Structure formats: structure tokens, C-alpha cells
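Visitor: Quick one, what's the 3D model for this:
(chains A and B, ligands or ions: 7)
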Amino acid sequence: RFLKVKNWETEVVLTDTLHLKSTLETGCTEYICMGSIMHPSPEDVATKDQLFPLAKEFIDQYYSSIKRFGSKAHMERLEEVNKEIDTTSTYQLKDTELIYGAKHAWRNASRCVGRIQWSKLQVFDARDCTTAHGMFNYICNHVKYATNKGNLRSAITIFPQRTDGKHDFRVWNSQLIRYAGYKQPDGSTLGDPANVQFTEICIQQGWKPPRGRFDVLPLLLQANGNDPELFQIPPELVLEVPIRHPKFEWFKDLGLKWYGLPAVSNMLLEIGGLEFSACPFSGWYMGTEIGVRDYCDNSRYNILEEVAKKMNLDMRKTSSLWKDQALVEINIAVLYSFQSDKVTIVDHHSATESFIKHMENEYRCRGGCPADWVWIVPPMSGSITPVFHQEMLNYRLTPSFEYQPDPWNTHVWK
Amino acid sequence: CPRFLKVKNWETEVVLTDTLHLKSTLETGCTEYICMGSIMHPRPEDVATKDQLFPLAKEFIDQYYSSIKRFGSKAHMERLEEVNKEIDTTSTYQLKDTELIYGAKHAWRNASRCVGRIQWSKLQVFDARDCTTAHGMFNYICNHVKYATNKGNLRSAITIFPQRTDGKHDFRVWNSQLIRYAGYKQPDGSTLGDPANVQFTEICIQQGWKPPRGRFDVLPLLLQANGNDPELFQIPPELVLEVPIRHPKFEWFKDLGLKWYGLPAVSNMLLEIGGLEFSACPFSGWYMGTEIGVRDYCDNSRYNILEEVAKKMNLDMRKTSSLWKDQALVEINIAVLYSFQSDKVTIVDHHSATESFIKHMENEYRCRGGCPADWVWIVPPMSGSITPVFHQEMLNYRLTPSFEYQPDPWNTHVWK
Ligand code: HEM
Ligand code: HEM
Ligand SMILES: Cc1cc(N)nc(CCc2cc(CC[C@H]3COCCN3C)cc(F)c2F)c1
Ligand SMILES: Cc1cc(N)nc(CCc2cc(CC[C@H]3COCCN3C)cc(F)c2F)c1
Ligand SMILES: C[C@H](O)[C@H](O)[C@H]1CNc2nc(N)[nH]c(=O)c2N1
Ligand SMILES: C[C@H](O)[C@H](O)[C@H]1CNc2nc(N)[nH]c(=O)c2N1
Ligand SMILES: [Zn+2]
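Guide: Numbering: from 1, shown residues only, chains lettered A, B, ... in the order given. Ligands and ions are numbered 1, 2, ... in the order given. Here you go, the structure:
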């Protein structure tokens, strides 16, 4: 059936036909919705039998996308892929298909509010990599290219695909650039509390921790299933921003900084039945990712109390909304600081406005846009952004970015 | 479906285990391949047949007798037999007062979109199934309003009018909420009052209401009894408790002339108990501050005051990245909570309400085996991630007894 989505502020109604193309499951059933579950449901590798239909599906939509469906090039590619799955139990993507597949994995990422940019993605083919040193080189080049002296450029680097599940390429870092976290003797936590465990895996592997509040973690890189190896990203490649406030001259005295480059490195890229377990990708930040989640989550840097102190807010009762007041000022500071240093950043009003425009484009040219309201709506000021009022349909299209197990729970050491 | 489903809180790491979803009785709108969790709403004489009614009543009666620890008793079997004979001879049945009260409280308990459910067992149930006329409905509703308002010490309550029979004799409150402000569309395209209520205000004017044409005019009740044409009544103004909005720091905030009413009372939902349909069942609680301060005042299509407050705050309004909207939104919500607390009118901030809801949810998982919750509605419309519900995974499913949406009565009424 055709499904309708309505915006309750503008009364615009869009008609979704694209959902008819999905064949992967959401986790919901007719009687139970799992729309707020974060992850709904080494031997698990494909077979020649499961692989050819997935390959055929992907080749078909690629040749349909360049408007040469059923062409001679299309026929030959399908046959070519057939023989290769036969004689090798897998196949290799053409460069054009790799690029198309990575852009469409972004385009299909229902949790990403930034997708208006999906077709402007620089794709770095790293499928010839064999060692952790090679991975380090490729990642440095990615970081330098994507950072671009503050004029951030979206990029993805794609390492060799899974073969037997015993020779996986993995970036063990969850993001390329993150700050360490240290469990203190007295029980509290220095640095980023989200990374205490990963920080300790780096220390346990030989990393000498400076034990500061903003220590960039080393890279921990696993190539071809071997034990991971540590590398220090050269500091001149890591662009950082001191956080200050346009009105509160005391804000700089908090000593806060953050990095300019958000770069997810723990997801799996699926294209045509092939699995790329190492595919770091990076864009630029929406301000609330830093100012709301990173700084103000109770399990993260958790700075609301200090800022509200310096603002001299009444903190005895919640109904003073002292937390909400400090939250806004922290996010003003983040946006001001990146903008003052000419580092790309987008505020949640502009970002969600762009996403509504993006949805309009996709419904017109593509017949829909899968979208996860729970993730699209920003973590502050929700209903004064236009996505709060926008009905969204969530469904799974391939190529896609998927979650995968943490490497330290699966890797057999040597 | 699997027998145990787990939900995790990503801030505290608490895992809870849900078995109550096995009792879900109606459709969410989702399928295996598409999730409709952000969709807001996923014939008259089509009424329950005898064959449809028998099992729905048994399921409810079984549930009631299980709750009073009398499952399988002589009184349980006799009540089943009595109900079955009633459906046999009359095609319907009547609930006992105990069952009506249990059913209404559980429809609230089951309301997955409601963050206020820690209170569900403290609900005053007014049985109005003897009502026959719109004048009688007005009396019952006035009594409800006075009871629930309680001079500012608000008490949750529901008034239940006669159930549906053949669908041509429905009781309905045409108002979507018992207390709302009129909205007036002007020839130049602007709106005075509450823009959300323009359509209903026009209906009232057509029915004979003389509109004062102000910014905060309480709408009349438009009340339909036994399927008759609806009739207009003015709520006595001394029963409508109102709060002028001022700010603890900004002396100029009172000069905006804003006020709101104290009693949130939903009157357009259908209460379903054991297959019986109560099409007029107004229920009321107390406000969470963001319902007024974020939605009523700051939605672009409502009173839309962010600009005017931002101006009086002397904010930079040229770039969105100054977050002038967010800054003014917090101050408006501070004013709303301060004005209600100062006048001793019950209100709950979004921090306190979501923390209570988490405690309620954990208790329900422990004692009941789960708690259906709609994250999209439970998370407040401002400061989402600094409330504990943001990080709480939730399962949404539909249990009965339940509050359900129903068609707007002006779209279905057959005018006499
Ligand atoms: C270019 C600017 C971009 C912006 C402003 C942006 C914005 C966002 C935000 C705010 C989130 C939520 C993140 C979280 O809460 O953890 C997100 C998620 C996501 N983004 Fe984007 N993004 C951008 C680029 C990209 C790119 C280049 C890719 C891939 C090629 C991508 C793929 C994804 C995916 C897969 C998720 C889901 C993450 C998860 O499930 O944990 N994004 N994005
Ligand atoms: C006692 C204090 C209460 C509080 C603080 C509270 C809070 C809320 C809030 C904030 C909403 C969302 C409203 C919206 O965004 O439109 C809501 C929805 C709802 N509440 Fe509660 N509520 C309370 C009492 C009640 C009572 C007494 C009932 C029924 C007996 C009830 C049943 C519902 C239902 C069915 C919804 C969904 C409404 C819809 O879908 O439009 N609530 N509640
Ligand atoms: C390409 C891109 C652009 C953009 N603007 N943002 C992102 C996410 C970035 C990002 C996200 C996260 C979230 C990690 C955990 C937090 O707990 C909830 C589950 N979540 C997975 C951490 C980072 F350190 C980071 F950098 C990616
Ligand atoms: C019992 C109870 C307690 C409490 N705290 N809140 C409520 C909701 C009250 C309430 C809700 C609404 C929402 C109206 C429309 C707007 O379009 C989006 C969907 N929505 C249905 C309007 C009111 F005027 C009102 F008063 C009920
Ligand atoms: C499109 C979306 O479902 C819609 O805007 C919802 C979002 N969440 C909400 N949550 C509450 N409590 N009330 C609402 O009216 C809404 N609106
Ligand atoms: C429980 C819920 O699914 C979880 O807290 C989600 C809510 N929405 C989110 N939205 C974004 N963008 N990022 C997140 O990490 C989350 N967390
Ligand atoms: Zn769903």
C-alpha cells in the first residue's frame, strides 16, 4: 500500500512508496513496536547461496540508477558476478559500485539528520590494505582530507571486506578521535567516562596515558584478523576548538575543548551481500552532539552543575529549570567557538530545517525517505524544531550501515 | 512472539524484562518491515455483534476477577454466566460499578502515551450512566470540574456517560477538551486567541454562541446526549481556575498579558472496557509545565510567543545559532511553573514527572511484568536528553481497557 506521512505544523502530506522496496526487518511486529530500542533483533558469514540474490539485487539497483537497466553492461556484470561467487565464494565490487554503495548507505541511514549531503561524499578505496600500518596511513590521510583546516569534508575509507570472519579488518576505536577516560582511586572519573574501558584496553596494550582531561586516544587497528596495534595520530592532524562563551567571560576558565572531526569507525558497511567491517566515515558536528550529550549526559562530562554555579542559578529545586538554562548557554558556547574558529558546525535548527527539505526532495524523486524520529529529533528544544512535528516512516533499505559486536568481545588473541 | 523482551536504560545500565506484551490485544500500526511509531494516528452503526462481544467481555471479566484474587470463584463463574445471558438476550451488557471503576483506572494505567501514570490508582470515577439529556451532561461536567479543580489542589477524575448502543444514540462531548480558549480567524488572515481552536470556535458561533472576541475566551461546552443534536452551555466562570503568567526575574513578563487555565481535561476520547464503548468519558489530571510553556505558547501554529519574548529579552534574533529561541523557551517555561506554584495550583515540571515515570515504569515491570510506553510522546518537548526517559528504552503495545481515538462528532453526526 501507499503510506501517508503528515507534518502537523505545516499540514504537508507526503506519500511513501519506497517502503515497498525494503526486505530487512525492523524488529516491530503488528502488536509490539520497538521504535525506541537501540539495537533490536565470528561464524556468521555468508554462503554462495545467500550471496548471489543480494549481489543481483544490488547490481540491479545500480544499473537502474544509471538508467541502463537490462543493458549489455548490466547483463555482463550479473554473469561476471555469478562466476566469481561460484569459483571464489565472494566477489569484488567495481570502483563505481563501491562509491554508489557507500553514498546510498548514507542516504539510507534512517538515524542521520545530515543526509541532505549524502551525494557529496569522498570515498577512499582501501581494499588493497593488508596491515595495521597500512590502515594507519589510510586513516591519517582520511583525517587530513576530511579536516581540511576546518572546512570539513565528508569522507569514508573502506578497508577489505570480510572473507571467513577470522581475518576481519577492524578499527577498535568507536570513533577515530576521542578523549580518554580514567577511573580514579577515590572512585570518580577523569576525562570522558564513556571511554574508561577502551582507555584501559589501550593502557593494557602499552599506551602511556598522560592522564589529562582531554587526552586524544591512540588508534587501535586490527588488520586481517591479527592482534591490534597502537598508533598515535600526529597532533597537527587533530583539529581542536577551545570552548568560550560570547557573553560569559568566565566560560573559558572551565578549561573545556573538543575536537572538530566526528568520525564513526565501529560500524559495518553492507553492500550487495558484502560486509566491510572497517569503514570509518566522518562529517561535521551538529552542536548538540557536543553541548548536550558529550558535556551534559550524567554518564559523560556532566558539567551542568558547574556551569549553573558560575551562572549563580538557584539549584535547590528542579522547577527553577536551572539545568535547562545551563544547557542552552553551553550550546551557545559550542556554536560560537566553532564558528569563531571557522570550523564547520551546524546548529540543530538549521540541521533539522535541512532534513525537512531533504525529506521533501526524497519523497519527490525517490518516493520516500526512511527516518527514525527517535534519533532525528534533537536532544534539546525538540518541539521548536520542525522535525518534531513531522511524521516519519522507519524502514530498512540496503546498502546500509549496521552495528557489529565490539572487537574485544570476539577476537582470539595471540 | 518471544516470551521475554528486554529493555535497557543506557544511562544507568538497568535491564528490565517484559512479559506483559503477550497480553497485547490490538494493532500498533507497525509491521515486520515498517515502523510507524512516530505516526500520530496509525461507520456509525458498525457496533459489536453478539459474537464479537462474548470473548471481549470474558477477557475483561477474567482480568477483573484475577485482580481481586477471586479467579475461578463462584462469584467469577456466576458473573460470567450473567454477562453471557445479557449479551444473549439484549446484545449488550452493563458493567457493575466495581468493574467500571477498575476498567477506567486500567485504561489510564494502560495509556502508553501518558507520562503521569504513577497516579493511575488514584482516580475519582464519576458514574454518569443514568444521564439522559445534554442539560444532565452539563450538570455532571460542572460537578467534575469543581471536584477536580478543588481550589487549586487538583484531583484526577473521570466522568463516564452511557455506553454506545446502536451507534445512532451516542453521547459525545464535542469539545476536544473541557476547558480551551477560542480562536478567531480574521479577514486579513491573522488569528486572535488560540489558532488551534478556530474550527471548533466557528461551530460554536454557528450554534448560537456570542463570542466576546478576545485572546483568552473560554469556549462553551457543546454537548450531545443520546444521539441528539448538541446543545451549548457556558461553564460558570467561577469554576474555571486561571493563572496569570509572570516571571520571577523579568518584571516585564506580566505585561505580555498571558494566562492559562489550571485544569487539563480531555473530552474527545473513547473508553473501551470489555468490548463496551464509552464515547463520552471526560478525564482530567494536572498539567506538566511543558504542555503550556513549550507547546501551547511556543508552537508556531499556537500562541507563538517566542519572538515577542525574545525581543523583550533583547536577544540577537538574526542567526539561529545564537539559540535565541531556546533561550526564550526556557524563560517562558520558568514563568509558567513559577506562576502556578505561586498561586498554589498543582503543576509538575518535566524533570520531576519523568523521574516519577521511570520509578513507576520500574515498579510496573516488577509487579505487572511490563509497562507499555510510547517514547515519542513520553519524552518532553524540551531538554529531552537531560530527563531520564530519553535514555530509557520502551516497548509500546496496546492493552485493554484502553482510551482510543474516535472520529470528530461534527464529521459523523446526522443532524436532526
Ligand atoms: C556531514 C554532516 C553530518 C551531520 C551533521 C550528521 C549528523 C548526524 C547526527 C547528529 C547523528 C546522531 C548521532 C548520535 O546521536 O550518535 C547521526 C547519525 C548517523 N550518521 Fe550522520 N551526520 C553527518 C554525516 C554523516 C556521514 C558522512 C555518514 C556516512 C557516510 C553518516 C551516517 C550516519 C549514521 C550511520 C548514523 C547512525 C549512527 C548510529 O546508529 O550510531 N552521517 N548523524
Ligand atoms: C494526574 C496527572 C497527569 C499528568 C501529569 C499527565 C501527563 C500527560 C501528558 C504530559 C500527556 C501528553 C499530552 C499531550 O502532549 O497532548 C498525557 C497524555 C495522556 N494522558 Fe496523562 N496525565 C495525567 C493524568 C491523566 C489521567 C487522569 C488520564 C486518564 C484517566 C490520563 C490519560 C492520558 C491519555 C489517554 C493520554 C494520551 C492523550 C492523547 O493521545 O492525545 N492522564 N498525559
Ligand atoms: C558522520 C557523523 C557525523 C556527525 N555529526 N555525528 C556522528 C556521530 C558522531 C559520534 C557519536 C558518538 C555516539 C556513540 C554512542 C553514544 O551512546 C549512544 C550510542 N552511540 C553510538 C560518539 C562520538 F564520539 C561521535 F563522534 C557521525
Ligand atoms: C488528563 C491530562 C493531563 C495532562 N497533564 N495533560 C493532558 C492532555 C491535555 C491537553 C492536550 C491537548 C492536545 C491537543 C492535540 C494537539 O495536537 C496534537 C495532539 N493533541 C491531541 C490540548 C489541551 F488543551 C489539553 F488540555 C491530559
Ligand atoms: C509527528 C509526531 O509524532 C508528533 O509531533 C508528536 C511527537 N510527540 C508528541 N508528544 C506529545 N506528548 N504530544 C504531542 O502532541 C506529540 N506530537
Ligand atoms: C532509549 C533511546 O532509544 C536512546 O536513548 C536514544 C534516544 N535517541 C537518540 N538520538 C540520538 N541522536 N542519539 C542517541 O544516542 C539517542 N539515544
Ligand atoms: Zn514500530
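Visitor: Phi first, then psi, for the most centrally placed residue in chain A.
Guide: Centroid check for chain A by C-alpha atoms, centre = their mean gives residue A:264 as the closest residue, at 4.5 Å. The main-chain torsion angles of residue A:264 are listed as degrees, to the nearest 10 and equal phi -80, psi 130.
Visitor: List the residues that contact it.
Guide: By C-beta atoms under 8 Å, 6 or more residues apart in numbering or on different chains, the contact set of residue A:264 is A:174, A:175, A:280, A:281, A:282. Backbone N, C-alpha and C define where each C-beta goes, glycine included.
Visitor: for residue A:307, same thing?
Guide: Residue A:307 makes contact with A:251, A:254, A:326, A:329, A:330, according to C-beta under 8 Å, 6+ apart.
Visitor: host element of it?
Guide: Remark: residue A:307 resides in helix A:304-310, with elements defined by DSSP states H and E.
Visitor: Following element in sequence after that helix, please.
Guide: Toward the C-terminus, helix A:304-310 is succeeded by helix A:322-340 as the next helix or strand (DSSP H and E).
Visitor: Show the secondary-structure elements that that next one is packed against.
Guide: For helix A:322-340, the packing partners by 3 or more C-beta pairs under 8 Å, 6 or more residues apart in numbering or on different chains; DSSP states H and E come out as strand A:240-242, helix A:287-288, helix A:295-296, helix A:304-310, strand A:345-346, helix B:324-342.
Visitor: CA atoms of it as CSV?
Guide: Included here for helix A:322-340 are C-alpha records, laid out as CSV according to Å, rounded to 0.1, in the frame of the first residue of the first chain:
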residue,chain,number,x,y,z
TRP,A,322,18.4,25.6,36.2
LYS,A,323,19.5,22.6,34.2
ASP,A,324,17.7,23.8,31.1
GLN,A,325,19.2,27.3,31.5
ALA,A,326,22.8,26.0,31.8
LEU,A,327,22.1,23.6,28.9
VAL,A,328,21.3,26.4,26.5
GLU,A,329,24.3,28.5,27.4
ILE,A,330,26.6,25.6,27.0
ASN,A,331,25.3,25.0,23.5
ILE,A,332,25.6,28.7,22.6
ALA,A,333,29.3,28.5,23.6
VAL,A,334,29.9,25.4,21.4
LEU,A,335,28.4,27.0,18.3
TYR,A,336,30.1,30.3,19.0
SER,A,337,33.5,28.6,19.5
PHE,A,338,33.5,26.5,16.3
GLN,A,339,32.1,29.5,14.3
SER,A,340,34.8,31.8,15.7
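Visitor: Could you pull out the buried residues of that helix?
Guide: The neighbour-count check on helix A:322-340 (16 or more other C-beta atoms under 10 Å in any protein chain shown) flags A:322-339 as buried.
Visitor: just stretch A:19-27 next, same as before
Guide: Across stretch A:19-27, burial judged by 16+ other C-beta under 10 Å covers A:19, A:21, A:22, A:26, A:27.
Visitor: got it, and stretch A:209-225?
Guide: When neighbours are counted by 16+ other C-beta under 10 Å, the buried residues of stretch A:209-225 are found to be A:209, A:213, A:215-225.
Visitor: residues contacting residue A:233?
Guide: Contacts here follow C-beta under 8 Å, 6+ apart; on that basis residue A:233 touches A:139, A:140, A:143, A:176, A:177, A:216, A:218, A:219.
Visitor: Which of those sits closest to residue A:274?
Guide: Among those, residue A:139 lies closest to residue A:274 (C-beta to C-beta), at 20.9 Å.
Visitor: so the closest one sits right up against residue A:218, yeah?
Guide: No - no contact is recorded between residue A:139 and residue A:218 when judged using C-beta atoms under 8 Å, the distance being 11.5 Å.
Visitor: Can you tell me which residues in the stretch 251-400 of chain A are near ligand 3?
Guide: Taking C-beta under 6 Å from any ligand atom as the measure of proximity, the stretch 251-400 of chain A contacts ligand 3 at A:262, A:264, A:281, A:282, A:283, A:285, A:286, A:289.
Visitor: try 8 Å this time
Guide: Remark: the part of the stretch 251-400 of chain A in contact with ligand 3 comprises A:262-264, A:266, A:281-286, A:289, A:293-294, using C-beta under 8 Å from any ligand atom.
Visitor: Phi first, then psi, for whatever residue of chain A ends up closest to ligand 4.
Guide: Ligand 4 sits closest to residue A:8 of chain A, with a gap of 6.3 Å, by C-beta to the nearest ligand atom. Torsion angles at residue A:8 (phi, psi; degrees, to the nearest 10) stand at phi -80, psi -10.
Visitor: That one: what's its closest spatial neighbour, skipping adjacent residues?
Guide: Closest residue in space to residue A:8, ignoring its immediate chain neighbours: residue A:389 at 4.6 Å, by C-beta to C-beta, 6 or more residues apart in numbering or on different chains.
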